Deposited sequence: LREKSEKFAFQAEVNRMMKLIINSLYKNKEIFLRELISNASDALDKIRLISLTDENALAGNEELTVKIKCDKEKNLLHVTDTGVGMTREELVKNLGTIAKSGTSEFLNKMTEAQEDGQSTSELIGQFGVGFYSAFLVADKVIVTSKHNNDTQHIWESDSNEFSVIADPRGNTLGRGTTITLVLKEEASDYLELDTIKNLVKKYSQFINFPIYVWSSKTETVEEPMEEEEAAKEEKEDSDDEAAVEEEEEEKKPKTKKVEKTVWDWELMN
């Protein structure tokens, strides 16, 4: 079943531009993943204004983050609109999305004339690739109302997509899972991530939770808002 794909040339070049742009600010990857989740949440919310059964698969609209230090994984899950198999292949593997080409051009000039590019990335919502600053592997599990649950996975040298054998566990939404580099083990620490989630979510119109503990050990979603 597992079908392999090569990234489109432009995306390879875009990945490199993005990476070298935030290379001294690796922490910004989290802000972009949260921003992406926010976008996905706004889409499903707008769709709910028309489609009455829009939220059936998952009546909540949240962003939930969890550190799995023991597995060296960081997970960013949203109950947003999700992506069908085709959207996983197209949105992550190519520049087809309308204004992505515009970003490639502006981001290239800006970077040339010493202008800030940090805002461009957030502006055109192409911050997903900054995950490769702290991850050796990025896995995107997604469930869209019009398709079954799939998994996209990449080490940046190519990518695969397979139907998720685990069935439909998300309900609706997306999970970005990062297999962190050694140099980034820090992002496995609750205190660190929790701090980042707050410094980058105070402007999100959706509730943002981090799976934290007290310590007898109590585990539950802590609202960072």
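The chain's deposited sequence has unresolved stretches at 1 to 3, 219 to 259, with no C-alpha coordinates there.
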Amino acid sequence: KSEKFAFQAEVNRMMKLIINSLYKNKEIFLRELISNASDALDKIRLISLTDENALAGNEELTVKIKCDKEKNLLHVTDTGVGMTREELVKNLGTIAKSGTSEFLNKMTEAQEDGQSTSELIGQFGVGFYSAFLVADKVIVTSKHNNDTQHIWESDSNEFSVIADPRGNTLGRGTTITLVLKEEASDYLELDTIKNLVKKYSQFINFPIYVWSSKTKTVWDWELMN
From here on, numbers count along this sequence of modelled residues.
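Each form is matched to the other, and the largest set of C-alpha atoms that superpose within 1.5 Å is called the rigid core.
Superposing the other copies on the rigid core and comparing 199 to 207 to 17 to 25, farther C-alpha placement in 9 other deposited structures of this protein marks 17 to 25.
Between 85 to 93 and 144 to 152, the larger mean CA deviation from the shown form in 9 other deposited structures of this protein, after core superposition, belongs to 85 to 93.
Among other compared entries that model residues flanking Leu73, every one gives it coordinates, keeping it clear of the one-third cutoff. Checked against the other entries of this protein, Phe103 counts as unresolved in at least one third of those spanning it. The stretch with the higher mean CA B factor, choosing between 55 to 63 and 174 to 182, is 55 to 63.
When the mean C-alpha temperature factors of 124 to 132 and 94 to 102 are read from the deposited coordinates, 94 to 102 comes out higher.
Note on the listed residues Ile47, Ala37, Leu196, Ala163: the highest Cα temperature factor in the record is that of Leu196. Ranking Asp113, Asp147, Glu86, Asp155 by the C-alpha B-factor listed in the PDB entry places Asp113 at the top. Compared with the other modelled residues of the chain, the Cα B-factor recorded for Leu74 ranks in the middle third. For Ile28, the recorded CA temperature factor ranks within the middle third of the chain's modelled residues. In this PDB entry, the Cα temperature factor of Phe5 sits in the middle third of its chain's modelled residues. In the PDB entry, a CA B factor belonging to the highest third of its chain's modelled residues is recorded for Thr108.
Sorting the modelled residues of the chain by their CA temperature factor places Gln202 in the highest third.
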